[PDB]
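Below is one structure; the comments refer to it alone.
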RNA sequence: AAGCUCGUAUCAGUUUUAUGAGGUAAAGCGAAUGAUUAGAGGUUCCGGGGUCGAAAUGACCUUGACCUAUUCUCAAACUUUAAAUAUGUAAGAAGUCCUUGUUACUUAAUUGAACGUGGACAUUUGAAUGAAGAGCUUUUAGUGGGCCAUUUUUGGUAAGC
RNA sequence: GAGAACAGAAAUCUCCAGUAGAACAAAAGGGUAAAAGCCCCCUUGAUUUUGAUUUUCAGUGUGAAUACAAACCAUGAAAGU
RNA sequence: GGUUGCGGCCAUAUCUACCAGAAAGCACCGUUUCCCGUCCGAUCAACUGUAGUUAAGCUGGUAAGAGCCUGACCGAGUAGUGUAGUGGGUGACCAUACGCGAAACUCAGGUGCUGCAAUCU
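Chains as they are written, first to last, in the UniProt record's numbering: chain A, 10 to 173; chain B, 99 to 147; chain C, 6 to 59; chain D, 8 to 39, 45 to 116, 139 to 285; chain E, 96 to 156.
Next comes the structure, spelled out in structure tokens:
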């Protein structure tokens with residue numbers, strides 16, 4: 010019962026649709042190598058400059074061995090140092106970065122500079138029992154991960170100090 | 099009760115018939131009880147009626 | 006305006022009777038696919054009772 | 008969760024909680045004094061289950077059942093779960109259930147149940163459909179979901195539908211790993227090489243297998259191991275038992 | 096949208112009327128197949144050797 | 001009122017046995033739902049109307065969008081539970097059982113389904129009591145201002161309202 | 001409820017709990033959880049011929065509704081609807 | 001007796017928490033050529049049962065647990081209610097006579113039973 014990464018979600022929130030949405034859409038497209046799916050807004054606030062169903066944000070998920078090289082080259086920007094809390098009670102963690110030239114790219118005055126959210130989810134093998142269709146089940150108490158199990162896993166590999 | 103009084107053939111005032119006592123006829127008398135007076139007759143009154 | 010005073014007593018003068026439940030109910034209203042066969046069923050069973058059984 | 012909450016919600020059905028059955032699909036299947049027969053095709057890992065089942069309020073009645081594991085009696089010992097063994101299984105019950113009725139008088143008709151397998155074309159589910167239809171069962175169906183169906187036009191390819199019957203996608207795949215990466219090719223298909231059955235010889239095994247199924251459907255069972263009771267006596271060891279009253283009162 | 100019990104109970108009671116009549120045809124005996132209502136009970140000697148009847152005296156309040 | 005076909009027919013302002021239906025009185029609030037007199041401020045968390053406007057960085061006015069963080073008391077328009085009285089059907093001849101006859105409906109199938117021929121089953125022939133005949137058909141008269149009491153109720157303080 | 005650059009009471013993303021506390025054009029009451037809700041795919045059965053039946057009732061009309069028959073089609077792999 | 005497929009009544013079957021499971025069966029798991037489906041072979045599709053596990057699933061046991069099901073000369077013949085009087089009370093209401101008769105509660109034990117087919121020391 011190891012502690013493999015399930016997936017990696019790369020979120021970018023921009024309050025407007027248009028060119029800036031589509032130019033931010035290319036950034037995840039050339040990095041994840043996959044077409045990023047867009048996201049429409051639920052309801053309207055008008056202080057944020059939004060309206061109902063405006064296609065406000067793009068994101069993309071990466072699964073498998075490609076996500077880890079995206080994660081490590083991303084986590085290097087934070088210098089193998091996350092903050093104190095940052096961990097869900099479920100067992101997951103995320104972190105956001107400014108300046109996506111820190112993972113390196115040409116400056117691209119058409120495209121520009123954007124800030125991304127990285128987020129990681131963790132599970133053990135046997136998580137298919139919740140995700141399948143016939144005979145759906147729940148994860149047992151000892152197999153549900155913990156907040157603590159992510160801490161020892163994140164301290165052991167990537168050689169990092171968690172912090173604080 | 100007026101339907102039940104007609105089923106025991108008790109039309110006019112001061113009239114009488116003999117009633118076999120089961121579960122069924124005991125509930126009929128239980129309806130018309132503020133109108134009739136009944137008891138258990140001996141051989142003497144049956145011979146004299 | 007409206008009342009039902011003395012209406013139950015008027016119904017029980019000539020009584021309240023039943024629809025007197027005939028033999029052979031009227032097949033008007035039955036599913037027609039049953040009616041269309043049942044015509045041809047009787048047309049045969051009157052023949053064999055007349056031809057054979059005599 | 009409060010004590011009022013557990014008092015309030017009613018459970019689903021027993022066969023509904025353990026999520027094996029859709030009742031919305033079932034209430035369309037059952038209610039059609046004629047017994048209404050149903051073909052039940054299920055797929056596990058490493059086995060194929062095909063049953064002819066009627067409907068009864070006592071709960072069900074099974075006429076005929078054939079599985080994947082009866083196929084090594086018939087010459088198929090490797091790849092028991094592919095599209096072809098799914099085809100031979102649907103050919104198997106179609107011969108088997110037709111013999112006991114004395115048919116092999140319009141056709142005999144049996145409806146196809148699936149369960150919770152999703153409807154995608156080229157599935158392995160409809161292999162038992164095509165095997166049942168070729169066997170002689172009147173299974174009403176359309177040629178939409180058979181493999182070799184074009185999404186562009188209304189054309190079915192009979193040259194490629196025939197190919198999946200004799201394991202064409204397996205016999206072609208044995209060739210693509212023949213020239214690329216033996217380390218992959220020794221890892222999979224290992225029972226094929228240990229019996230030394232290559233790609234082109236696979237088709238003749240299936241062809242001989244359809245001839246034996248039409249010849250021999252009469253299902254002699256496995257003879258058995260020890261008894262009924264010997265299997266029941268050994269099973270009494272591993273299970274626990276209930277607890278008496280005074281032992282829990284002393285606790 | 097229903098189904099009825101009481102009639103199906105009558106349909107079982109006709110079967111009882113067949114077997115009693117068929118048995119009583121064999122061994123010459125009365126049938127008595129009509130139902131009866133409840134009847135007043137008979138005389139029975141009751142012995143107060145086990146339990147002495149206790150007085151009540153309706154005092155309480 | 002005129003009658004007509006028949007004559008213990010089969011029925012009944014009733015009870016029993018069997019078996020359904022209901023959400024009232026009583027219960028419940030530490031089981032779901034839970035009003036009520038009451039109310040300070042919160043200017044793209046909105047603006048709901050209104051009048052203005054050669055327009056909209058657009059003004060003027062009024063309910064406010066919110067209870068923002070709270071507190072007590074409930075029931076006809078609140079409920080798990082559920083009487084009494086009232087209420088639907090059944091208690092056999094147009095029935096049960098056997099053998100097998102029909103068809104274009106139905107079944108994989110002469111398997112069903114419906115109606116039958118033939119045969120067996122009688123006054124305790126299928127609970128109580130009653131039946132001053134039962135049944136059907138015409139034809140027309142008056143009437144279509146009602147009131148009172150016991151009990152349950154609604155509006156109304158109240159009433160011969 | 002626990003987390004994620006700008007980012008807070010309110011955008012977006014991720015898991016856990018979650019018996020309907022949501023939604024179903026609108027009053028109120030019913031009804032609904034692999035649906036009757038959400039999002040996609042295909043479509044005109046919102047069609048022809050007239051009868052049978054329920055509620056309001058004189059067992060008249062009008063409105064609305066229910067179950068079928070004979071036709072022609074829609075959809076689905078299919079039972080069906 | 002253990003498991004599996006399809007179910008019947010639909011909590012005595014649920015919820016929470018720990019602990020066991022011989023064999024076989026299921027399941028997790030391996031890979032992406034093809035049909036196929038997606039932002040992502042995760043879900044689904046196809047392929048092998050070969051590379052590995054009983055850690056979850058599943059089944060079973062445990063707890064003066066919560067819930068839930070029957071039972072009771074338990075509450076109680078109490079509340080309520082049909083009928084009767086030229087009965088009482090100024091009333092509001094309450095006795096009596098012939099009948100019918102609950103519920104919350106309290107206590108007691110209980111915690112799935114079973115249909116067809118196939119298969120396992």
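Virtual Cβ for every residue (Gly too), placed ideally from N, Cα, C.
query                                                                                                                                                                                              : result
Considering only residues of the segment 92-171 of chain A, which uninterrupted beta strand (DSSP E) runs meet the minimum length of 3 residues and lie entirely inside it, listed in chain order? : 102-106, 125-131
Taking Cβ positions only, does residue 121 of chain B come closer than 9 Å to chain E?                                                                                                             : yes
Classify residue 193 of chain D: buried if its beta carbon has 16 or more other beta carbons within 10 angstroms, exposed otherwise.                                                               : exposed
For the segment 101-124 of chain E, enumerate the residues whose C-beta is nearer than 9 Å to any C-beta of chain B, in chain order.                                                               : none
Excluding sequence positions up to five away, which residues of its chain have a Cβ less than 6 Å from the Cβ of residue 236 of chain D?                                                           : 201, 205
Taking Cβ-Cβ distances shorter than 7 Å, what residues in chain B pair up with residue 132 of chain E?                                                                                             : 120, 121, 122
Mind checking who residue 90 of chain A pairs with in its DSSP beta bridge?                                                                                                                        : A:170
Could you check which residue in D:57, D:23, D:109, D:92 has the C-alpha nearest to that of residue 297 of chain D?                                                                                : Nothing about residue 297 of chain D can be reported from this structure: the residues present for chain D run from 8 to 285 only.
Quick check on DSSP: helix, strand or coil for residue 146 of chain D?                                                                                                                             : strand
Is residue 55 of chain D helix, strand or coil by DSSP?                                                                                                                                            : strand
Give me the residue from D:157, D:98, D:251 with the minimum Cα distance to residue 240 of chain D.                                                                                                : D:98
By how many angstroms is the C-alpha of residue 38 of chain D removed from the C-alpha of residue 96 of chain E?                                                                                   : 15 Å
Answer yes if the segment 121-130 of chain A comes into contact with the segment 100-112 of chain A, meaning at least three C-beta pairs across the two stretches below 8 Å, and no otherwise.     : yes
Since residue 138 of chain B is in the beta strand (DSSP E), which residue starts that stretch and which ends it?                                                                                  : Careful: residue 138 of chain B lies outside any beta strand (DSSP E) and carries neither H nor E.
Given that residue 135 of chain E touches chain B, what residues does it touch there, using C-beta distances under 8 Å?                                                                            : 119
Tell me the DSSP secondary structure of residue 133 of chain E in three-state form.                                                                                                                : coil
Closer than 9 Å, CB to CB, is residue 153 of chain A near chain D or not?                                                                                                                          : no
For residue 181 of chain D, count neighbouring C-beta atoms within 10 Å of its own C-beta (all shown protein chains included) and say buried if the count is 16 or more, exposed if not.           : buried
According to the Cβ coordinates, are residue 170 of chain D and residue 141 of chain D closer than 9 Å?                                                                                            : yes
Give a yes or no on whether the minimum CB-CB distance between residue 143 of chain A and chain D is below 9 Å.                                                                                    : yes
Work out the CA separation of residue 108 of chain D and residue 70 of chain A for me, nearest whole Å.                                                                                            : 50 Å
With H, G and I counted as helix, E and B as strand and the rest as coil, what does DSSP make of residue 127 of chain E?                                                                           : coil
Is there contact here, the segment 107-117 of chain B with the segment 84-100 of chain A, by at least three beta-carbon pairs under 8 Å?                                                           : no
Which ranges would you report for the alpha helix (DSSP H) in the segment 21-52 of chain A if only whole runs of at least 4 residues count?                                                        : 28-41
If residue 26 of chain D sits next to residue 143 of chain A, beta carbons under 8 Å apart, how far is it from one beta carbon to the other, in whole angstroms?                                   : 6 Å
Flag this pair as touching only if the segment 155-167 of chain A and the segment 59-74 of chain A have three or more C-beta atom pairs under 8 Å; answer yes or no.                               : no
Among the residues of its own chain, which have a CB less than 8 Å from the CB of residue 29 of chain D, if the five just before and after it don't count?                                         : 149, 150
Residues in the same chain with beta-carbon distance under 6 Å from residue 67 of chain D, minus the five sequence neighbours each way, listed in chain order, please.                             : 37, 48
To the nearest angstrom, how far is it from the Cα of residue 143 of chain D to the Cα of residue 49 of chain C?                                                                                   : 31 Å
Going along chain A, which residues have a C-beta under 7 Å from residue 150 of chain D?                                                                                                           : 142, 143
Going straight from the alpha carbon of residue 54 of chain C to that of residue 42 of chain C, what length do you get?                                                                            : 19 Å
Just to make sure I have the definition right: I need the residues of chain A whose C-beta is within less than 8 Å of the C-beta of residue 291 of chain D. Which are they?                        : The first residue shown for chain D is 8 and the last is 285, placing residue 291 of chain D beyond what the model contains.
Check whether the segment 128-148 of chain A and the segment 11-21 of chain A are in contact - that is, three or more C-beta pairs closer than 8 Å.                                                : yes
Could you tell me if residue 226 of chain D is buried or exposed, where buried requires 16 or more neighbouring beta carbons within 10 angstroms of its beta carbon?                               : buried
Interface residues of chain A around residue 27 of chain D at Cβ under 8 Å?                                                                                                                        : 143, 144
Leaving out the 5 sequence neighbours to the left and right, which residues in its chain are closer than 7 Å to residue 33 of chain C when beta-carbon positions are compared?                     : none
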